[PDB]
Each structure stands twice: as structure tokens, then as C-alpha cells.
């Protein structure tokens, strides 16, 4: 089916309450359907034998149509491959790019994609390691002296670390093409599960922050986490909603997530993140002051 369920913001408070009744009954009903969306969309380039070492998780693959293909002077197989997908935005198509966390083996491909797409913004929603589990390579420089990742060099002009997130100003270049890239790393993600922390504002400050800097990245805003679908998806939804609530008096979270999954699988992976989005949609309380 085609998922959609617009709700007037004036009734959103009652709505989510009615969604949680009977042990999140309605919620799991909608989410369970979200799990079906896009289950039969080809991702043949992802299945290719020599691309397997480029897919972090054997089961989180990019659809063929929405995949961000790299530009190489031909040859080989899967030479244009990177586990990434364009995701529609509130302002235009291919507004975002949802990728998995780069691997020691797809590290150079990542920076190649940042340049070829002219993405001047990267949002990282996970730490390299969490609870003694590898989640993402540290694909960027550890210091200020430039590191050459393939043909693209990377120079971290500055590294600003805060309490919940971290900012980095990189300056990558190829041949005679210098390009700036801002990097925001949310490190205090609410575990992922739960949630709680009335301070869901912390994620909202982060979103607002990235958002108020989007007016600089001609290319897509590259967002990623580990698999690039669970937290990545929640983020994108929030960056959408933030704007959509600002300009409308209704929100269709179901449609939103449904939209996103048609472009990349598992976008917003758990019923917890999906309910968390509604918890955050209390952005209405604020739109009332």
C-alpha cells in the first residue's frame, strides 16, 4: 500500500497518545507496514561479488536507481560503487545522501563521492566505536597536517569538540580543485534505543545547527551513521519536519518515513526511532511561542 496519515498539529498531542495506547499498538501497526515498503526494489550492483567488500553490513544495500555512483574513467566492476543513496529533501530531490559508515576499504571512495557531488556538509550520527563495537572507520585525519586518501588530500583546518557533538572544518582538494567541507559529529546520540531524555532538544539543537548551515552546500548533505539507515534516517526525517512544521499546520510522519524507505532500505530502523520522531515532533510546543 501507499503509506500516509496527515495529522493537524493542533491534534498531534492527542494523536501520539492514541498511538501509544495498548502498548504502542497503533505505532507498531504503522511501523510494521513501513517494514514492507521497498522490499522488492533491485539493488543488483550491491550484490556484485567484488562490491561485497564495500558493503559494511551484508544486509543494508543501496537500491540501483537511487544509488550514488562514482565517476571513474571506466574499467573494472563496481568501480562506481559505494553503499550510498540519494534521499529526497524538503527543498529538492537528491537533497541528501544516506551512506553507511566508511570502511577502511571504502574510505577513499567516500572522499571521492564528497568531491564529485560537491557535498560541503557531512553529518556523522555515530562514534567510530561504541560499547567496544566497531561502527565506523575514522576516515578523516587525526591531526591538522593533510592526509592523502587516494587522489584526494584532506586537511582538517580545525577540530571543535563540544559536550554532545563535534565540529570539523576540512579542506579537500583534487588536482586544482579546493573544496571546503563542514563536519558535524553527534556523539551523544540517545544510545539509539529508549529513548527518554526530555533533552531530545539536544538532537534538535544539533539539527537546527546543521540546518542553519545548509545554505552553503550546493551539493547534497551527506549524512551517515553505521549502516546508514537507522540514525541517518531519523536525522533526515527531523531535518525535514523541522522545516515542514514551520510552514504547515499538519505533519505526515508515516508518509515521510514511507517516502524515505522507497529510496533506501530500513530508513528509520526501529519502532523506537519511529516513535522517537513523534516524541520530537513536539516541535509544535515551540511553534506555539
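Residue numbers count along the first chain shown, from 1.
Checked against the record, the higher mean CA B factor of 263-271 and 7-15 lies with 7-15. As listed in the deposited structure, the average C-alpha B-factor of 87-95 and of 67-75 is greater for 67-75. Across the options 207, 199, 123, 181, the residue with the most elevated CA B-factor in the record is 199. Across 147, 113, 175, 134, the greatest Cα temperature factor reported in the deposited entry is at 175. Annotation for residue 104: C-alpha temperature factor in the middle third relative to the rest of the modelled chain, per the entry. The PDB entry assigns residue 154 a C-alpha temperature factor belonging to the middle third of its chain's modelled residues. In the PDB entry, residue 129 places in the lowest third of its chain by CA B-factor.
Among all modelled residues in this chain, the alpha-carbon of residue 28 has a temperature factor (C-alpha) in the middle third.
Remark: residue 50 belongs to the highest third of its chain, ranked by C-alpha B-factor as recorded.
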